[PDB]
4 protein chains.
Amino acid sequence: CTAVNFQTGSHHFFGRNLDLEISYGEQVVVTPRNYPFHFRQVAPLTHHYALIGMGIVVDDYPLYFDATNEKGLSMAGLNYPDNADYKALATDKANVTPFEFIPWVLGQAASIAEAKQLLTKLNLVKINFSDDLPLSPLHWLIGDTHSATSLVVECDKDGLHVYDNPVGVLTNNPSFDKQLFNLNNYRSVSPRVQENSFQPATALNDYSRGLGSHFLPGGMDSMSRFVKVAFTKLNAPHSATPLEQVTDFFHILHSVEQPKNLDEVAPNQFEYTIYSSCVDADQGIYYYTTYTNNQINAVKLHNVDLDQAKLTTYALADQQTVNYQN
Amino acid sequence: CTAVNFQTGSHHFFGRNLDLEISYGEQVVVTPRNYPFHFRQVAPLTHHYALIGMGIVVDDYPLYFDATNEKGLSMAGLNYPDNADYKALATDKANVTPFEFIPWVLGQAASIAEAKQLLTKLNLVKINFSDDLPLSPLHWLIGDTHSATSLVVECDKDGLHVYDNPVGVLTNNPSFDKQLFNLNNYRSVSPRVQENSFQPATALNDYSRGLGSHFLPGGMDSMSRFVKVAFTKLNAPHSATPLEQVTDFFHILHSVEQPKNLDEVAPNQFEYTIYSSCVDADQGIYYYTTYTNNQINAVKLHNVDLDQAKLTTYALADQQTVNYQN
Amino acid sequence: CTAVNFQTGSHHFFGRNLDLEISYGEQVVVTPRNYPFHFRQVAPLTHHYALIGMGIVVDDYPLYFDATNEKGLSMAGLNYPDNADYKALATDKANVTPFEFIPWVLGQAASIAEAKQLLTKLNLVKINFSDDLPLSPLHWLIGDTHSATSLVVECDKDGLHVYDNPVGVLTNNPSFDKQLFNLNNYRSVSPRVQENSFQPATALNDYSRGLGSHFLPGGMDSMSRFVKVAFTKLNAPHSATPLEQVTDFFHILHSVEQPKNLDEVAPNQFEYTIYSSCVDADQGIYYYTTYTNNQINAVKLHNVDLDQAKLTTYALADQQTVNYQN
Amino acid sequence: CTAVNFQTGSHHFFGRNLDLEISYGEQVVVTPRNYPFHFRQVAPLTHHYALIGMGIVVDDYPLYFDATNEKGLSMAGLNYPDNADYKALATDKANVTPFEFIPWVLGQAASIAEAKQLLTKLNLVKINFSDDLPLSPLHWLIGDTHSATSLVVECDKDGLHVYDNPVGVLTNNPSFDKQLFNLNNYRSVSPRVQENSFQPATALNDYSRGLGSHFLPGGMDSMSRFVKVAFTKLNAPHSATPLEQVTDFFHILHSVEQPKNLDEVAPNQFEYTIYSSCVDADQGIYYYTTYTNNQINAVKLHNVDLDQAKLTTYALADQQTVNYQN
Ligand SMILES: [Ca+2]
Ligand SMILES: [Ca+2]
Ligand SMILES: [Ca+2]
Ligand SMILES: [Ca+2]
């Protein structure tokens with residue numbers, strides 16, 4: 001998985017690749033303001049901000065992979081195997097399950113600054129959604145429309161960690177302190193061909209455009225994708241119009257998509273990028289591609305009656321949709 | 001630039017990324033059988049195989065970047081700076097300019113076997129199209145629908161070279177013997193997590209899916225893209241229908257697209273993937289995406305009257321085309 | 001700097017490269033049992049285990065870079081810039097300066113088990129030896145002759161950390177959790193040529209012996225040296241005699257020596273391996289080479305009267321000493 | 001194998017690592033001026049320049065791995081598997097066997113310029129020394145005391161190649177055009193920490209000295225050792241005295257020695273650096289270390305009666321020779 005919080009030209013785009021070996025029946029899910037969220041161990045949110053994101057609906061409950069609220073606050077949950085350590089109930093904390101975490105934050109917080117207030121009280125508790133659907137190990141990226149900031153939330157064996165993330169990207173393991181530190185090793189990677197420091201008197205031929213990034217990683221693994229997406233995001237252009245910025249964002253995410261069949265997780269099982277999302281967080285527009293359809297599709301939050309109480313779901317436009325010009 | 005010859009399930013797909021710092025006004029150009037091909041130093045081709053490909057029409061003439069003929073033979077010209085060496089007129093040989101080379105081969109030859117016969121009589125002559133447009137340094141990939149074989153044509157200072165290319169990919173510099181040899185260094189890269197050979201008694205954590213490709217290159221440079229596209233192409237799935245295979249092909253080419261602004265070629269100039277093409281060579285369908293529009297577009301060769309004599313051109317659908325689902 | 005704890009055939013060898021840009025006048029220093037160790041903030045050690053190691057005698061006091069006591073316990077202090085955080089005096093704890101730390105542990109403890117007991121009461125206090133010589137930022141490797149265990153001691157801003165280190169090597173930054181984790185990325189490196197997993201159907205030439213370690217790091221930086229020295233140490237042979245094992249040990253340390261002038265730390269200043277040491281910890285024999293003399297030199301702890309109270313120092317044999325055979 | 005031609009301060013040092021899985025009984029062999037060389041297919045050299053180098057003596061004939069003559073011309077033969085292609089007899093060439101090549105050149109040539117005259121006539125012929133001792137596939141590095149030049153001689157399937165080699169190093173496969181070209185990919189490696197070009201606004205910590213060489217190869221394979229030894233040689237210091245320059249040379253060669261047991265060539269067989277040589281080519285002094293003895297040993301050409309006709313051989317000082325200081 002890869003998530004990116006991208007800010008250009010006063011605009012804010014947030015989204016992710018979902019990389020998995022099997023699809024769970026993903027849909028774009030709009031949760032209106034009056035859908036009642038009845039949490040296991042904290043106070044209910046029966047009126048709250050509307051949400052749009054990708055998820056599945058089980059027992060009429062929206063299980064979000066990622067979402068953005070009507071105020072521009074976004075979250076994505078990304079696989080964090082072995083490191084995630086959910087906790088026992090704590091009598092002096094807000095006890096929230098990992099499947100409730102996105103609705104709990106996004107339903108009531110409008111900014112990263114406000115989300116930080118919730119995070120100071122949070123205890124992520126080890127309660128399964130159902131006996132059929134045990135908890136996935138996750139960590140989260142959070143972005144908003146009010147700062148250049150991103151947060152990374154990692155609940156580890158030693159406790160809850162909340163990191164500032166100015167780079168604005170996240171993948172899978174290792175924990176964020178190790179992941180971010182690794183960028184230090186790539187300081188010499190460049191968009192330009194560097195000076196010959198190997199030995200200036202030795203005739204080294206600048207034989208290919210792009211030689212500046214010769215040591216950039218391109219593997220399917222979490223650390224390689226973190227480095228590559230950081231370089232790609234940090235060197236993105238600053239386009240003039242919102243749709244061009246969306247196009248730029250998709251080029252960032254697709255730079256670290258996992259194609260079939262390059263990441264084998266089990267015999268006859270390959271992890272690949274099921275979908276790539278980009279939310280225009282200012283407008284509430286959820287754009288996405290899928291592995292099977294290259295055309296960008298969009299669902300507009302504000303085309304739904306946000307005062308309803310029922311979920312609205314859209315099946316993904318999953319079939320390759322070609323424009324036949326003659 | 002990157003070009004790929006991809007065969008799966010009786011079907012043949014051939015296509016390329018065009019990576020440049022500026023667009024030249026590219027269009028899909030269909031040259032029908034009776035468009036007369038005039039050459040600077042050989043007899044004209046007044047009746048020939050029809051061609052479909054991407055190019056520029058300059059005055060009255062189609063200057064192709066890549067093309068496929070009605071018999072399934074494909075060619076793409078890719079940047080080959082400094083290594084390309086075009087020749088003086090040779091008395092005993094067919095003297096063809098690099099800009100006439102695609103029409104000359106594809107107009108006459110129906111297969112790799114026939115193309116090889118033409119290449120034994122070929123001299124690529126240093127003659128500019130005009131004073132305006134001097135010759136570009138190129139090398140070529142050739143594929144067909146009769147073999148799992150690709151050819152690489154490189155006209156170097158020491159003469160013309162024609163290589164067998166079973167891997168079926170090509171980028172830019174260096175020459176193909178050095179480029180193909182470099183794959184030997186990546187033998188240990190894997191779709192699956194390899195056994196711990198560093199020291200089996202040491203507890204090394206398999207902490208990320210995709211760790212098998214941890215050492216795969218991801219840079220924008222020619223050698224990095226060659227390695228990555230080879231690994232991605234050689235590990236592609238075998239899908240059931242031609243449209244799904246086209247989708248797989250685009251995931252191969254997009255694995256090594258060059259995003260803005262990661263490859264700086266000069267101050268304020270960045271080489272990026274202008275378009276990516278995929279030709280179904282058995283049906284003559286030219287599919288493409290562009291940097292600015294993610295939807296796949298298609299032009300069908302056989303929707304044109306191939307007995308005409310005039311060119312048929314299609315402007316690229318280059319505006320981002322979103323499917324709004326609500 | 002690099003330190004290694006190496007065990008083979010019932011024997012224990014411990015030693016280090018000292019990498020600095022300038023030499024400080026290092027000598028082999030034997031501190032006998034009755035040299036009184038005076039400390040700034042704890043009781044003196046008037047009778048203690050004897051020590052042998054490399055250091056500087058400043059006024060009357062031995063400042064050790066590394067040492068081994070008469071019971072087989074060894075310690076080395078290695079540069080740990082920016083991460084080291086020495087502490088204010090703590091009322092409940094043994095307040096020991098970083099320059100007293102080696103005498104404090106090795107003077108009292110005979111094994112890792114006993115050293116661990118001392119570490120539970122330790123506070124490394126920020127007290128300079130003098131205004132002339134301010135404290136250096138360090139972390140420590142500890143080994144013994146009773147286990148195949150090494151300890152890493154790192155006093156960071158968030159407190160004192162003591163890690164188990166089965167691999168038995170240490171360099172400089174980053175902290176040991178990040179450093180040890182990095183070995184996971186090198187699981188596929190091998191002493192032998194690996195199977196072709198890039199694509200088995202593609203003819204990849206096994207063109208060089210040693211291709212199994214094609215991705216092993218060779219740079220002068222701390223993380224590169226950690227990976228290379230780990231691979232080299234973990235794949236060392238098991239030789240029959242102690243002197244042959246010493247030879248094997250020096251090949252391990254020299255695998256990551258820093259030659260002039262490959263590591264520039266400032267204009268006209270290059271960090272290089274001043275000396276490499278190997279202590280036979282069971283016999284108390286301190287072997288070393290220097291950058292300027294390739295012959296191994298040795299000082300035997302037990303050739304000194306260990307009941308004395310005065311220091312015994314040996315100047316390094318640092319002039320290149322050639323055996324002329326004719 | 002690795003060979004280096006090193007020039008500093010008006011002095012010339014030439015030498016090599018011999019990397020093999022088994023020792024052949026190597027000795028330092030001095031061939032005096034009147035030892036008769038009776039060649040298979042060219043005129044005899046019964047009076048010629050004296051030679052010193054490492055070799056074996058079989059049937060009273062010196063089979064040199066490497067050698068230097070009394071005029072300062074040096075050659076080393078290094079393993080070149082599969083690529084070496086020795087030829088049939090040629091009636092218009094000087095037909096010289098690969099085992100005669102070093103005596104044939106060094107016996108009669110005093111400079112690279114003179115050796116070039118011999119190379120224009122050379123045909124390396126496929127004649128075994130004996131049925132017991134078939135030819136090894138080799139390529140050669142040549143240096144002298146009159147230029148900064150080195151030559152590389154490679155007899156390939158397509159013919160004899162003689163390359164200029166200003167870098168002055170050589171290992172094993174691939175052929176020299178591919179080997180030297182590979183240095184282009186390492187232009188950004190540096191003795192100093194490079195500017196942060198990954199993204200200047202992103203806080204990348206310069207956390208380790210030596211980070212400039214983070215991407216330098218350290219593997220046991222031929223291409224890795226070529227890059228590492230080139231960087232190490234090209235960044236060597238310029239020491240003031242001959243013996244210091246010899247010490248510097250050994251640090252260059254030892255930077256790419258192959259330790260046991262990191263290069264497995266067959267079950268229970270590991271290729272390792274049997275010896276490392278350094279010839280002061282101006283003085284005729286053959287210095288060497290061995291895997292088993294770290295002390296430098298030396299044989300002086302001019303301590304032998306060079307007007308004799310019998311070979312003089314010295315067994316290597318192979319046992320670890322320690323200087324016990326107390
Ligand atoms: Ca609120
Ligand atoms: Ca941690
Ligand atoms: Ca002569
Ligand atoms: Ca060749």
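Letters A, B, ... are given to chains in the order of the sequence lines, protein chains preceding strands, and every chain is numbered from 1. Both ligands and their constituent atoms are indexed starting at 1 by order of listing. Just so it is clear, the values below take in all heavy atoms, side chains as well, and ignore hydrogens, waters and symmetry mates.
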(message) I'd like to check the side chain to side chain contact (heavy atoms under 4.5 Å, CB included) partners of D/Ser74; sequence neighbours left out, ordered by chain and number.
(response) D/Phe14, D/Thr68, D/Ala281
(request) Have a look around the Ca ion (ligand 3) and list protein N/O/S atoms under 3.0 Å, or say none. (result) D/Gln108 O, D/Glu114 OE2
(request) Examine distances only and state if a side-chain atom of A/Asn123 and a backbone atom of A/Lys93 form a donor-acceptor pair shorter than 3.5 Å. (result) no
(message) Could you check whether any side-chain N or O of C/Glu154 sits under 3.5 Å from a backbone N or O of C/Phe176, counting only pairs where one atom can act as donor and the other as acceptor?
(response) yes
(request) Name all residues meeting the salt bridge (charged side-chain N to carboxylate O under 4.0 Å, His left out) criterion together with D/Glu70; count only those two or more places apart in sequence or in a different chain, and write none if there are none. (result) D/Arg33
(message) Can you list everything that forms a side chain to side chain contact (heavy atoms under 4.5 Å, CB included) with C/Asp85? Sequence neighbours excluded, please.
(response) C/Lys87, C/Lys157
(request) Would you check if the side chain of B/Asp156 reaches a backbone N or O of B/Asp158 as a donor-acceptor pair within less than 3.5 Å? (result) no
